[PDB]
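In what follows, a structure is listed as structure tokens, so that the remarks can point back to it.
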Amino acid sequence: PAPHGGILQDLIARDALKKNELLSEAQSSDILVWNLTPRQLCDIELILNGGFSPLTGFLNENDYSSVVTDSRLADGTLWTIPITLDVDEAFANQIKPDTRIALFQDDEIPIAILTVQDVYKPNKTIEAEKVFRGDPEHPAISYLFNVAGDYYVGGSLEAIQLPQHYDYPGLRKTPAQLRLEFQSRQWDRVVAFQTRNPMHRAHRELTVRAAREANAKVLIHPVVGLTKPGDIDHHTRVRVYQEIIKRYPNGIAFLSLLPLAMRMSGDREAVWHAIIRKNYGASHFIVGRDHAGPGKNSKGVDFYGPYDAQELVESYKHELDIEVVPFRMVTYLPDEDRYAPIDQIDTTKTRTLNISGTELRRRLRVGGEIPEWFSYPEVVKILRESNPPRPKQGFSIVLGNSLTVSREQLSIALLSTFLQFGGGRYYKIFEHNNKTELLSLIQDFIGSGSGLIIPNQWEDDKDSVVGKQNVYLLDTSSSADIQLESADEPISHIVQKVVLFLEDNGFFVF
Amino acid sequence: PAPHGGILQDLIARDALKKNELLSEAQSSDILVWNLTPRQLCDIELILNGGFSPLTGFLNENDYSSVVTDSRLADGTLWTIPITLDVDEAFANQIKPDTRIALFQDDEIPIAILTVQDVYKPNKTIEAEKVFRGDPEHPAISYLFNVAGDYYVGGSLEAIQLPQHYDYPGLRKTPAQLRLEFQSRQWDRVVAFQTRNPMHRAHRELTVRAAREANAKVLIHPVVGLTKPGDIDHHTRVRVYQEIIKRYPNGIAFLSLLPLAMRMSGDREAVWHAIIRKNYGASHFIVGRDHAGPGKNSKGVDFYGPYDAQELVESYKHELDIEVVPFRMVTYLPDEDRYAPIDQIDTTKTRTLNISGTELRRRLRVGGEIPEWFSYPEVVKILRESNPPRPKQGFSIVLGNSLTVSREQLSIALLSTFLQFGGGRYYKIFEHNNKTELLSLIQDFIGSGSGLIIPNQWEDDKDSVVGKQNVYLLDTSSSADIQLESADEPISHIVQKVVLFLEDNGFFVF
Amino acid sequence: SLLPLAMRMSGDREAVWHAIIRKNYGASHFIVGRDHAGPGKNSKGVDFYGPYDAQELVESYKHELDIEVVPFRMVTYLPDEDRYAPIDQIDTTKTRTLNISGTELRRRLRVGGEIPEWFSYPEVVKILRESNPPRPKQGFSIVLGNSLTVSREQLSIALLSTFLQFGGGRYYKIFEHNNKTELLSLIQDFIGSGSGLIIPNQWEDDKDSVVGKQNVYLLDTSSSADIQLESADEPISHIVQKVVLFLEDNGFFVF
Ligand SMILES: Nc1ncnc2c1ncn2[C@@H]1O[C@H](COP(=O)(O)OS(=O)(=O)O)[C@@H](O)[C@H]1O
Ligand SMILES: Nc1ncnc2c1ncn2[C@@H]1O[C@H](COP(=O)(O)OS(=O)(=O)O)[C@@H](O)[C@H]1O
Ligand SMILES: Nc1ncnc2c1ncn2[C@@H]1O[C@H](COP(=O)(O)OS(=O)(=O)O)[C@@H](O)[C@H]1O
Ligand SMILES: [O-][Cl+2]([O-])[O-]
Ligand SMILES: [O-][Cl+2]([O-])[O-]
Ligand SMILES: [O-][Cl+2]([O-])[O-]
Ligand SMILES: [Ca+2]
Ligand SMILES: [Ca+2]
Ligand SMILES: [Ca+2]
Ligand SMILES: [Ca+2]
Ligand SMILES: [Ca+2]
Ligand SMILES: [Ca+2]
Ligand SMILES: [Ca+2]
Ligand SMILES: [Ca+2]
Ligand SMILES: [Mg+2]
Ligand SMILES: [Mg+2]
Ligand code: NA
Ligand code: NA
Ligand code: NA
Ligand code: NA
Ligand code: NA
Ligand code: NA
Ligand code: NA
Ligand code: NA
Ligand code: NA
Ligand code: NA
Ligand code: NA
Ligand code: NA
Ligand code: NA
Ligand code: NA
Ligand code: NA
């Protein structure tokens, strides 16, 4: 289909002969420089390559507010997610309209030149409520208030080069390249499948059914840009996709990585996704249950209805110009060994089965066996390998402030004790001295599977530098993960308490 | 047999009623304090429990030189290894005879009170040559010149408590306790087996043969104090021993950990070992091939003859008062599936087999399969787990000084590249800033299995803070582990070079 | 078809006899391989018959046997080609063979050794191992020698309790025979059943014939004792360790 807006805005192609000139202006000591934030790098790449056609820069206030209140650009073009360049007051104050800024990656690689159209201070509450539905726990809203700059800079781009990536060089196909890919193959019907999770059996069936319904080839188009916090890293997912792609009949599917930065914005994002895939050459786009939805909030309520995206996408149907293949909860059928849309069964006459991602983590974290029917073995293997069960996980024991015994001796006692268990885990008494350069390493070790014995707490002003993950507090306090009887409880007693606690939580298995 | 010298010098027992008093003197602000070095902690423990009977303190010059030149204490008592309290000039100068010093552990636990007899400055070259045979590579000699103090303090001890241990509380039996153990069992004939390595099939057969020959029970008496540099840690070995002990017939063997600090002194040490085992209640002591020998030097020559220890022990036979069970190279017999002393076979008529420890490390480092006949499976499992094959080992790539490319970008490239391989390894760009508190952590990560990308070298004055292990230098220099074509070689080129190098050395397997 | 013949292990003569018998039974051909009906070698290592005497004898009566004989030379294994073949149509060193004599076959059967996939079918080896178990599943007897000076009652109990702690499915029993042949004749039955017997006293030499020597060991100071004692009054724990290690050495116990 025609790219959204009618013209693929591949600015790398457009500005090619200006490459050298733009590069010189980018490195000239007089120009103002902004180092792109991670999410911005994702966005900037989708704007420069045509993925966000018709966009050609970051939204000015006029287009931005139109998108917030109208799900459309100022000119009426259907567009649901605001793409802006968020900066801080300091930087915002050094720019005026007509100014030209150099956009860098890693304060070293010049990406593009942005020509300023305006500098405004968005009402984050409105954006949060009109675009992401208001819940403070919604991922997009948390980013907007805790990570995003309080100033937006609308303006047009002139491309120097897409953001730098040293991984999967062959796979991050640009809209132009994908289209060429489909052509060399004479693929004129392609149904794209969005995703941010590893694909399991349900999804393989889901995508093949779509392939069959639409009479089209399959495009696994996963996000490797930025997804829901706590998601499986894209490296692991890529390995999973590459593995599962082999279970498709020869020549039916194509894999391409999309450096998109999701907002986990349910229905609106679904619309945005469809526009994006259309630019990339797809003729069909799947929209299953709770598409781009972040599940439930701490209170158990849904951020979006499991089918809000489908309804919204349906309502813009006549102007999306890319056919949407909707799917209802695809689930497992024990008694018949096969999956099927829940909309075409049940009646109690048929018994289903469904292993939610929740419980999926649970078995991964507990070395539990994951059903042959649920996911392919090679896939589960890759997953366990990246997310090991507790007996292979790292952790830390922090000797609480209330601790009266010799921290030096209690430390050694724990070390020598853990050491006798064996099991390949590396242990260390780790003294941080409140130096963030040391604190920031704590999660590295835990990530590496090591067990750390930390003799002292770190000041509360530093608590943010340390990832709470697998970090237990040994103390008399009620807020201690491992509660002691008294601050001066004898070492061997404290030791047994720590060991049995770790054993209870699966870190040790005898 | 009677402890060496006739009287078990169990000073803990002896000084019991002085415990409180000694403890008070030890913590009095007026007394001079020396914090025991690791090896000293091992020695002090064998002196206070009777293990070094007839010793009751650290050798004064008179006894010390008699041991060096006569293999005997000043009074004639057979004794081959000098046990001295080595200190630095600074401390040496603060003491005179009659002075009482408090000996602490971890500058916190008071171990004993040493009454000074003399303070001398040993000629380390004579000790090195007469006691350890002079080769600068010999482990004991290296310790003597690079770790030992240049001053010795002779003097008698008064025990407060044996050095503190939090691991294997039940297993570190003292001479008094072992003897009771043997008695409760009515064991009056016990052959002890010394060792610093994991026990394999040969050893199990070797010890049972000795049990059969001597008509005695088996005592596995492994060293967990200090051994040959690069040995398997004692925790792993203890797990190996506890596992292999089950392969003995019910009630034929007993396990006990010996906190001895070996000197790897071949024949002399064997004499010393036999004296120590006699104090511990043994009636027989095994002395196999190259007992307590450190193998060969860099030039390939032997530190000791494979049977020097046997000859030396044989010559003191009538005064050791503990029977020695000598063994020649025990080897494997394929065609008959059984082991046997090489002295009772060969003639070419029989074909043998022998997997040296060398080649044993090799398979352990290469994930190679280790023969069913060589060692029990449960044992190899424990070993592989403590010494994983390369694909599970950590490492560091240090961006050489000669590097002209962007270190920041080359670092990222390697990170992203390694990230796509997967396999459970944790990666990190690690900036040390020449701070030893960071440098000293490099080997911790490697130990934890992580891969580190280090953008800059550390100043030569710090090089000693970092363990050379699995640390590779990427540079144009000839001394670079991974040699670059030019200092400005393009990143993808450098990356492929680093990846293929690591693949070639087994860190990556596809 | 099962033939209730009583062989004489008479090499060549028997082969002639066998061929006559097979002819009566309806056969038109009879095979005569290497050392047919031969009992191998005597204690001095010499052959009772030449490996092909039977073939020669059968060949000489060929015209009156009236049953055709199919002769075969040593059929052996060919590693490199995975196949068997008559030795008469190979060798020349150009080809390497392989041959697991019955001797060595018993050896592995008695030592739980693995018997080559090429040598015999698995289902067959299974049936054999099951009828002729390896040592760790075999029975045996320890006979307390005459020279024994220690309490036979206490030494018996000690060995019983000791063996009992090893476990492994073997049944144990202190077995008093009282020189009664009705009891002696049962000794091999238990051994056959896999049990371990502790026998406090020897049986009079006139009865020795009633007992099968198989897996029966003599614990004594004598030189003819299978398990030799230092002195007739060696302390029990010492004697016990000696008996345990001896049995361990001969595979009856595996830890
Ligand atoms: N069981 C299912 N039934 C129907 N659709 C599904 C099912 N599971 C996943 N999908 C669809 O698969 C696509 C990607 O799934 P996910 O990776 O879990 O999350 S999403 O944030 O990208 O939507 C979405 O269209 C989603 O609705
Ligand atoms: N193959 C062997 N043949 C004879 N003796 C051996 C053999 N292997 C090890 N030993 C003996 O086993 C004891 C301990 O072995 P090791 O742990 O390797 O080394 S040692 O440093 O404690 O001597 C020594 O008496 C040694 O000589
Ligand atoms: N390897 C062999 N090569 C040739 N003939 C063999 C071989 N093995 C067994 N035979 C033959 O097989 C027949 C029966 O073999 P056996 O049961 O071992 O012994 S026999 O006592 O009945 O002759 C005989 O004709 C014997 O010569
Ligand atoms: O299905 Cl993934 O969440 O593991
Ligand atoms: O025997 Cl050890 O060297 O592994
Ligand atoms: O001797 Cl038989 O072939 O077992
Ligand atoms: Ca703000
Ligand atoms: Ca719901
Ligand atoms: Ca108290
Ligand atoms: Ca010095
Ligand atoms: Ca040699
Ligand atoms: Ca150059
Ligand atoms: Ca012959
Ligand atoms: Ca006697
Ligand atoms: Mg890119
Ligand atoms: Mg101790
Ligand atoms: Na920089
Ligand atoms: Na509001
Ligand atoms: Na259609
Ligand atoms: Na809704
Ligand atoms: Na169209
Ligand atoms: Na619990
Ligand atoms: Na004695
Ligand atoms: Na301290
Ligand atoms: Na002896
Ligand atoms: Na020699
Ligand atoms: Na003596
Ligand atoms: Na190589
Ligand atoms: Na003949
Ligand atoms: Na005839
Ligand atoms: Na033997």
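Scheme for the structure tokens: letters A, B, ... for chains in order shown; per-chain residue numbers from 1; ligand numbers from 1 in order shown.
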* To do: Excluding residue 115 in chain C and residues on its chain fewer than 2 positions from it, collect all residues at most 12 Å away from it, counting only C-alpha atoms, and give them as a list in words.
  => residues 100, 101, 102, 104, 105, 106, 107, 108, 109, 110, 111, 112, 113, 117, 118, 119, 120, 121, 122, 123, 124, 125, 126, 128 and 129 of chain C
* 12 Å shell around ligand 13 using only C-alpha atoms and all ligand atoms, listed as a list in words -> residues 34, 35, 38, 39, 40, 41, 42, 44, 45, 46, 47, 48, 49, 50, 51, 52, 53 and 74 of chain C
Those selected residues, please, written with N, CA and C atoms and delivered as a short mmCIF file (atom, residue, chain, number, x, y, z; two decimals), in the first residue's frame.
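To be explicit, this is the file written out as again23.cif:
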data_model
loop_
_atom_site.label_atom_id
_atom_site.label_comp_id
_atom_site.auth_asym_id
_atom_site.auth_seq_id
_atom_site.Cartn_x
_atom_site.Cartn_y
_atom_site.Cartn_z
N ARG C 34 34.81 -75.27 13.15
CA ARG C 34 36.09 -75.46 13.84
C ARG C 34 35.96 -76.20 15.18
N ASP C 35 36.83 -77.15 15.41
CA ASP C 35 36.80 -77.92 16.64
C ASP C 35 35.41 -78.41 17.03
N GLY C 38 34.58 -80.59 20.10
CA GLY C 38 35.85 -80.68 20.78
C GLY C 38 35.81 -80.03 22.15
N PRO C 39 36.48 -80.62 23.16
CA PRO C 39 36.47 -80.03 24.49
C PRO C 39 37.60 -79.02 24.78
N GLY C 40 38.10 -78.35 23.74
CA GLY C 40 39.16 -77.38 23.93
C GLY C 40 40.54 -77.95 24.26
N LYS C 41 41.17 -77.42 25.32
CA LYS C 41 42.51 -77.84 25.75
C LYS C 41 42.52 -78.44 27.15
N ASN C 42 43.53 -79.26 27.43
CA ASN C 42 43.67 -79.87 28.76
C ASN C 42 44.40 -78.87 29.67
N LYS C 44 47.25 -78.74 30.60
CA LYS C 44 48.58 -78.42 30.11
C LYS C 44 48.57 -77.52 28.86
N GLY C 45 47.37 -77.08 28.47
CA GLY C 45 47.23 -76.20 27.32
C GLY C 45 47.21 -76.81 25.92
N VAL C 46 47.36 -78.12 25.83
CA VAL C 46 47.35 -78.79 24.54
C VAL C 46 45.91 -79.13 24.14
N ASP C 47 45.68 -79.15 22.84
CA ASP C 47 44.39 -79.44 22.23
C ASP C 47 44.00 -80.91 22.36
N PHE C 48 42.71 -81.17 22.60
CA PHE C 48 42.23 -82.55 22.69
C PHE C 48 42.14 -83.06 21.25
N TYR C 49 41.76 -82.16 20.35
CA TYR C 49 41.67 -82.48 18.93
C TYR C 49 42.21 -81.30 18.14
N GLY C 50 42.61 -81.55 16.90
CA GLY C 50 43.08 -80.47 16.04
C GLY C 50 41.84 -79.67 15.72
N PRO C 51 41.96 -78.37 15.49
CA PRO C 51 40.76 -77.58 15.18
C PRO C 51 40.00 -78.06 13.95
N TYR C 52 40.62 -78.95 13.16
CA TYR C 52 39.95 -79.44 11.98
C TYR C 52 39.99 -80.94 11.81
N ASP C 53 40.23 -81.66 12.89
CA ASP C 53 40.27 -83.10 12.79
C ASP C 53 38.90 -83.65 12.38
N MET C 74 37.35 -71.32 10.87
CA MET C 74 37.11 -70.31 11.89
C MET C 74 36.38 -69.06 11.36
#
* Please identify every residue of chain A that has at least one atom no more than 9 Å from any atom of chain B, counting only C-alpha atoms, and report them as a PyMOL selection string. => chain A and resi 106+108+165-168+234-236+238-239+382+384-388+408-409+412-428+437-438+444-445+447-450+492
Store the residues of this selection in a file with N, CA and C atoms, as a compact mmCIF listing (two decimals), in the first residue's frame.
# COMPACT_ATOMS: atom_id res chain seq x y z
N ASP A 106 25.38 9.37 21.49
CA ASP A 106 26.55 9.10 22.34
C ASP A 106 27.54 10.26 22.32
N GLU A 108 28.79 11.82 20.11
CA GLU A 108 29.89 11.52 19.22
C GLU A 108 29.47 11.30 17.77
N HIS A 165 23.97 0.94 15.15
CA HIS A 165 23.67 -0.35 15.76
C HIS A 165 24.72 -1.35 15.33
N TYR A 166 25.34 -2.05 16.27
CA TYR A 166 26.34 -3.03 15.87
C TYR A 166 25.83 -4.44 15.94
N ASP A 167 24.60 -4.60 16.41
CA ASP A 167 23.99 -5.91 16.50
C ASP A 167 22.93 -6.09 15.43
N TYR A 168 22.85 -7.29 14.89
CA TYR A 168 21.87 -7.63 13.86
C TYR A 168 21.88 -6.71 12.65
N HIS A 234 15.73 -7.75 23.94
CA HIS A 234 15.54 -8.09 22.54
C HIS A 234 16.54 -9.12 21.99
N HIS A 235 17.74 -9.18 22.56
CA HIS A 235 18.75 -10.14 22.11
C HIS A 235 18.21 -11.56 22.23
N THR A 236 17.66 -11.84 23.41
CA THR A 236 17.09 -13.15 23.68
C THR A 236 15.89 -13.37 22.74
N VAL A 238 15.28 -12.00 19.86
CA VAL A 238 15.73 -12.20 18.49
C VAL A 238 16.13 -13.67 18.31
N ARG A 239 16.88 -14.21 19.27
CA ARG A 239 17.31 -15.61 19.19
C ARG A 239 16.08 -16.50 19.13
N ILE A 382 16.40 -21.37 25.17
CA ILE A 382 16.96 -20.02 25.04
C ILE A 382 16.47 -19.11 26.17
N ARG A 384 15.29 -19.99 29.38
CA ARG A 384 15.86 -20.38 30.67
C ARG A 384 17.31 -19.89 30.73
N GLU A 385 18.01 -20.03 29.61
CA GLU A 385 19.40 -19.62 29.50
C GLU A 385 19.61 -18.12 29.78
N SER A 386 18.65 -17.29 29.42
CA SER A 386 18.77 -15.85 29.66
C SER A 386 18.13 -15.45 30.98
N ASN A 387 17.19 -16.26 31.44
CA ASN A 387 16.50 -15.99 32.69
C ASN A 387 16.55 -17.28 33.48
N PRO A 388 17.71 -17.57 34.09
CA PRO A 388 17.95 -18.78 34.88
C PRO A 388 17.08 -18.96 36.11
N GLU A 408 32.36 -7.69 60.29
CA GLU A 408 33.50 -8.34 59.66
C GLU A 408 33.40 -9.86 59.80
N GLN A 409 33.14 -10.32 61.02
CA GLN A 409 33.02 -11.74 61.28
C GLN A 409 31.77 -12.39 60.71
N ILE A 412 32.45 -12.95 56.94
CA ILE A 412 33.27 -14.11 56.66
C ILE A 412 32.46 -15.39 56.92
N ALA A 413 31.78 -15.46 58.05
CA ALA A 413 30.97 -16.63 58.35
C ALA A 413 30.02 -16.94 57.18
N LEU A 414 29.31 -15.94 56.67
CA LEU A 414 28.40 -16.20 55.57
C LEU A 414 29.20 -16.67 54.34
N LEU A 415 30.32 -16.01 54.06
CA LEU A 415 31.12 -16.40 52.90
C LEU A 415 31.56 -17.85 52.97
N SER A 416 32.19 -18.20 54.08
CA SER A 416 32.66 -19.55 54.26
C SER A 416 31.49 -20.50 54.20
N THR A 417 30.34 -20.09 54.72
CA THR A 417 29.21 -21.01 54.69
C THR A 417 28.75 -21.24 53.28
N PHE A 418 28.45 -20.17 52.54
CA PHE A 418 27.98 -20.31 51.16
C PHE A 418 28.99 -21.09 50.33
N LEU A 419 30.26 -20.87 50.60
CA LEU A 419 31.31 -21.54 49.86
C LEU A 419 31.26 -23.06 49.93
N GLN A 420 30.82 -23.60 51.05
CA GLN A 420 30.78 -25.05 51.18
C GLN A 420 29.65 -25.70 50.42
N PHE A 421 28.69 -24.92 49.95
CA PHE A 421 27.57 -25.51 49.22
C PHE A 421 27.92 -25.91 47.79
N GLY A 422 28.80 -25.14 47.15
CA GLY A 422 29.16 -25.45 45.77
C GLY A 422 27.96 -25.35 44.84
N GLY A 423 28.20 -25.27 43.53
CA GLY A 423 27.08 -25.16 42.61
C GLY A 423 27.39 -24.11 41.56
N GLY A 424 28.67 -23.80 41.45
CA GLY A 424 29.11 -22.83 40.48
C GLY A 424 28.88 -21.37 40.78
N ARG A 425 28.22 -21.02 41.88
CA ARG A 425 28.01 -19.59 42.18
C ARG A 425 29.27 -18.93 42.74
N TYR A 426 29.53 -17.70 42.31
CA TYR A 426 30.71 -16.97 42.78
C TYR A 426 30.29 -16.07 43.93
N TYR A 427 31.06 -16.05 45.01
CA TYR A 427 30.70 -15.21 46.15
C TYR A 427 31.71 -14.14 46.49
N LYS A 428 31.23 -13.05 47.08
CA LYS A 428 32.12 -11.97 47.49
C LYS A 428 31.58 -11.06 48.60
N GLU A 437 30.03 4.55 42.20
CA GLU A 437 30.73 3.78 41.19
C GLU A 437 30.80 2.31 41.64
N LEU A 438 30.63 2.07 42.93
CA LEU A 438 30.65 0.71 43.44
C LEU A 438 29.23 0.19 43.52
N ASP A 444 25.27 -5.70 38.60
CA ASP A 444 26.04 -6.35 37.57
C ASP A 444 26.40 -7.74 38.06
N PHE A 445 26.87 -7.81 39.30
CA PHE A 445 27.24 -9.10 39.90
C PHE A 445 26.04 -10.04 40.00
N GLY A 447 23.50 -9.92 38.27
CA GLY A 447 23.17 -10.29 36.92
C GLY A 447 24.09 -11.39 36.44
N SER A 448 25.32 -11.40 36.94
CA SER A 448 26.31 -12.39 36.56
C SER A 448 26.16 -13.68 37.37
N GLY A 449 25.20 -13.67 38.29
CA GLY A 449 24.91 -14.86 39.07
C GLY A 449 25.63 -15.00 40.39
N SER A 450 26.44 -14.01 40.72
CA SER A 450 27.18 -14.05 41.95
C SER A 450 26.36 -13.70 43.20
N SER A 492 26.28 -17.87 64.30
CA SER A 492 25.77 -19.13 63.79
C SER A 492 24.23 -19.12 63.68
* Can you list, as number ranges by chain, every protein, DNA or RNA residue that comes within 8 Å of range 462-476 of chain B when you count only C-alpha atoms, leaving out same-chain residues fewer than 4 positions away? -> B: 394-403, 434, 436, 439-440, 442-443, 446, 458, 480-487, 498
Taking N, CA and C atoms for each residue, export the selection above as a JSON list (two decimals), in the first residue's frame.
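That gives us result-v4.json:
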[["chain", "number", "residue", "atom", "x", "y", "z"],
["B", 394, "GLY", "N", 34.64, -16.43, 32.25],
["B", 394, "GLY", "CA", 34.60, -14.99, 32.06],
["B", 394, "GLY", "C", 35.89, -14.56, 31.38],
["B", 395, "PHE", "N", 35.98, -13.28, 31.03],
["B", 395, "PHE", "CA", 37.17, -12.79, 30.36],
["B", 395, "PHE", "C", 37.09, -11.26, 30.24],
["B", 396, "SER", "N", 38.19, -10.67, 29.81],
["B", 396, "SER", "CA", 38.25, -9.22, 29.60],
["B", 396, "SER", "C", 38.97, -8.91, 28.32],
["B", 397, "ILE", "N", 38.51, -7.87, 27.64],
["B", 397, "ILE", "CA", 39.17, -7.43, 26.44],
["B", 397, "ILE", "C", 39.56, -6.01, 26.84],
["B", 398, "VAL", "N", 40.86, -5.74, 26.83],
["B", 398, "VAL", "CA", 41.35, -4.42, 27.19],
["B", 398, "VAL", "C", 41.72, -3.68, 25.91],
["B", 399, "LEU", "N", 41.08, -2.52, 25.70],
["B", 399, "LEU", "CA", 41.36, -1.72, 24.53],
["B", 399, "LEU", "C", 42.74, -1.09, 24.70],
["B", 400, "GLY", "N", 43.71, -1.62, 23.96],
["B", 400, "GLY", "CA", 45.08, -1.14, 24.03],
["B", 400, "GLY", "C", 45.28, 0.36, 23.94],
["B", 401, "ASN", "N", 46.45, 0.79, 24.41],
["B", 401, "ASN", "CA", 46.82, 2.19, 24.39],
["B", 401, "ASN", "C", 46.97, 2.73, 22.98],
["B", 402, "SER", "N", 47.58, 1.93, 22.12],
["B", 402, "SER", "CA", 47.81, 2.32, 20.74],
["B", 402, "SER", "C", 46.52, 2.59, 19.99],
["B", 403, "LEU", "N", 45.39, 2.15, 20.53],
["B", 403, "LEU", "CA", 44.11, 2.33, 19.86],
["B", 403, "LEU", "C", 43.82, 3.79, 19.48],
["B", 434, "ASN", "N", 41.84, 3.82, 36.76],
["B", 434, "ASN", "CA", 43.02, 3.51, 37.55],
["B", 434, "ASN", "C", 42.80, 3.40, 39.05],
["B", 436, "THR", "N", 42.31, 1.39, 42.20],
["B", 436, "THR", "CA", 42.50, 0.00, 42.58],
["B", 436, "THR", "C", 41.24, -0.63, 43.14],
["B", 439, "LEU", "N", 39.90, -1.84, 39.95],
["B", 439, "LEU", "CA", 40.78, -2.83, 39.35],
["B", 439, "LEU", "C", 40.70, -4.18, 40.05],
["B", 440, "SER", "N", 40.70, -4.14, 41.37],
["B", 440, "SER", "CA", 40.67, -5.35, 42.17],
["B", 440, "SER", "C", 39.39, -6.15, 41.96],
["B", 442, "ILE", "N", 38.08, -6.63, 38.83],
["B", 442, "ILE", "CA", 38.13, -7.25, 37.51],
["B", 442, "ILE", "C", 38.08, -8.78, 37.53],
["B", 443, "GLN", "N", 38.91, -9.38, 38.37],
["B", 443, "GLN", "CA", 38.93, -10.82, 38.47],
["B", 443, "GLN", "C", 37.70, -11.40, 39.16],
["B", 446, "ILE", "N", 35.29, -11.85, 36.21],
["B", 446, "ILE", "CA", 35.76, -12.95, 35.41],
["B", 446, "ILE", "C", 35.44, -14.25, 36.15],
["B", 458, "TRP", "N", 45.39, 0.18, 32.44],
["B", 458, "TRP", "CA", 45.63, 0.76, 33.74],
["B", 458, "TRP", "C", 47.14, 1.01, 33.80],
["B", 480, "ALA", "N", 50.43, -7.89, 22.16],
["B", 480, "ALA", "CA", 48.98, -7.86, 22.30],
["B", 480, "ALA", "C", 48.48, -9.29, 22.07],
["B", 481, "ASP", "N", 47.51, -9.74, 22.87],
["B", 481, "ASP", "CA", 46.97, -11.08, 22.72],
["B", 481, "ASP", "C", 46.18, -11.14, 21.42],
["B", 482, "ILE", "N", 45.55, -10.02, 21.07],
["B", 482, "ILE", "CA", 44.77, -9.89, 19.85],
["B", 482, "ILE", "C", 45.41, -8.72, 19.13],
["B", 483, "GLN", "N", 46.23, -9.03, 18.13],
["B", 483, "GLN", "CA", 46.94, -8.00, 17.40],
["B", 483, "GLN", "C", 46.21, -7.30, 16.27],
["B", 484, "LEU", "N", 46.19, -5.97, 16.33],
["B", 484, "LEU", "CA", 45.53, -5.16, 15.31],
["B", 484, "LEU", "C", 46.48, -4.79, 14.18],
["B", 485, "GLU", "N", 45.92, -4.65, 12.98],
["B", 485, "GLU", "CA", 46.64, -4.30, 11.77],
["B", 485, "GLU", "C", 47.23, -2.90, 11.93],
["B", 486, "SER", "N", 46.38, -1.95, 12.30],
["B", 486, "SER", "CA", 46.77, -0.56, 12.47],
["B", 486, "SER", "C", 45.97, -0.01, 13.64],
["B", 487, "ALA", "N", 46.43, 1.08, 14.24],
["B", 487, "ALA", "CA", 45.73, 1.64, 15.37],
["B", 487, "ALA", "C", 44.37, 2.21, 15.02],
["B", 498, "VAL", "N", 38.17, -9.64, 17.36],
["B", 498, "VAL", "CA", 37.95, -10.02, 18.74],
["B", 498, "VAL", "C", 36.99, -11.21, 18.87]]
* May I ask you to extract the residues of chain C within 12 Å of chain B, using only C-alpha atoms, and to give them as a VMD selection string? => chain C and resid 104 107 to 108 111 to 114 161 to 167 229 to 230 234 to 255
* Mind checking which residues fall within 12 Å of residue 61 in chain C, counting only C-alpha atoms, ignoring those fewer than 6 positions away in the same chain, and posting them as a ChimeraX atom specification? => /C:12-13,15-17,19-20,54-55,67-69
* To do: One decimal, Å: what's the distance from CA of residue 195 in chain B over to CA of residue 380 in chain B, could you say?
  => 17.3 Å
* Asked: Among range 14-73 of chain C, which residues carry a DSSP assignment of strand (DSSP E), reported as a ChimeraX atom specification?
  -> /C:29-32,68-71
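With a cut-off of 7 Å and using only C-alpha atoms and all ligand atoms, the polymer residues contacting ligand 26 are residues 304, 305, 307 and 308 of chain B.
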* Asked: Tell me, which residues of range 228-291 of chain A carry DSSP alpha helix (DSSP H), written as a ChimeraX atom specification?
  -> /A:234-244,266-279
* Around ligand 1, at most 7 Å away and counting only C-alpha atoms and all ligand atoms, which residues are there? Put them as an NGL selection string, please. => :A and (193-197 or 202-203 or 264 or 286-293 or 327-331)
Within 10 Å of ligand 28: each chain B residue with its shortest pair, only C-alpha atoms and all ligand atoms, as a tab-separated table:
residue	atom	partner	partner_atom_place_in_ligand_line	distance
B:500	CA	ligand 28	1 (Na)	9.6
B:501	CA	ligand 28	1 (Na)	7.7
B:502	CA	ligand 28	1 (Na)	9.7
B:503	CA	ligand 28	1 (Na)	9.2
B:504	CA	ligand 28	1 (Na)	5.5
B:505	CA	ligand 28	1 (Na)	6.8
B:506	CA	ligand 28	1 (Na)	9.7
